[PDB]
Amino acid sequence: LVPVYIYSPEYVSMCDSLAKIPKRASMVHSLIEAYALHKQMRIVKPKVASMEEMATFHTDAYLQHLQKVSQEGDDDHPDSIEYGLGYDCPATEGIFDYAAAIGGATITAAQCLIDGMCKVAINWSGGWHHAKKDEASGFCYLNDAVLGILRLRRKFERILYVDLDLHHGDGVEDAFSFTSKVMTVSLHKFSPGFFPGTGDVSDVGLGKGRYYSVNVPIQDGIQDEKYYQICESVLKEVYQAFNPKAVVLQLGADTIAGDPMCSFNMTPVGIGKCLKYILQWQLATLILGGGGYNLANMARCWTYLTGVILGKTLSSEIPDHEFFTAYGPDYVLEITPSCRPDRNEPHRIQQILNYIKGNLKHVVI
């Protein structure tokens, strides 16, 4: 009925403690609260993930290792080499607790979807799609997206994962690569030297999971209109061929114009239209956050997207709240595209969509 919003003051504090950008969860929640959107959702206190719950995807050796180097901040452990710790993913003190809360918040939201508590569950602090079963990658130590999907596997036999982050959700695609129960769809920037380096259109999975992985390689400077047409064409084809019963959606904000990544040229409006097309499926939807390195932009994006889920049209003027001064110099909710060219050739885009049409033919047949 009413969208579940995963939040507790203790959870946000935990998320700000070891965040990449300081006060990541604070700003996003403070702005949502400022628009009084929390009063129209069902606020649910997240439960910290147990060792067994994480073990549904991650190996035991890896989990024990995190717990050991997290209590003292041992960034010099001789077993860290095996698990990808920790140059890109530092072995900072209390990192396992940080991952436990966020991992447990996605599972909690998934549990609300199972028990029929709602049709939509939101966790903006979640959605780290890079982590592997026994390896940390790209700031991700625990793949909370996979943990969420595995929780939904208790009720749903057809789960669709849609990744709209700037980067390819490799950790999630790799997790369900050998299965047809979960189809992963990832729209991302794909160029040599760009992280994580995988996710070409020819990457369709392995074994019995072949053709159940879908990748859309996109180039720099793409804007709302062209992006949506790509997203609509893929999701329409996938919905018919896969027939999902539940949806997990990762909405990273590193695609938005004004992000330090400086790749895609998106505004929250474009992603909003993508979210609308998925919401009208009337399926149990698990909304996750993701990447983003422009704090105020992330807040503007995810706050607007929360308004989309609720159907509310938000005021263009940023209301006075705790972090109001961070929204200079215009102090508005809208985000304007930068003056950069679109390097996506209309023929290559159509050529990719045709591959996907060809690959999904195998699924439906």
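Residues carry their position along the shown sequence, with the first being 1.
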Handout entry: Of 233-241 and 89-97, the stretch whose C-alpha atoms average the higher B-factor in the entry
Key = 89-97
Exercise for the section: Taking the mean of the C-alpha B-factors per stretch from the entry, tell me the winner out of 171-179 and 80-88. Expected result: 80-88
Handout entry: Highest recorded Cα temperature factor - choice among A296, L333, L31, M54
Key = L333
Problem - Position of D144 among the chain's modelled residues by C-alpha B-factor, lowest, middle or highest third - result: lowest
Completion exercise
Entry-reported C-alpha B-factor of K45 relative to its chain, by third, is middle
Handout entry: Relative C-alpha B-factor of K119, binned into the chain's lowest, middle or highest third
Key = middle
Fill in the blank from the handout: Sorting the chain's modelled residues by C-alpha B-factor and splitting them into thirds places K132 in the middle
Handout entry: Where the record places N215 (Cα B-factor, split into thirds across the chain)
Key = lowest
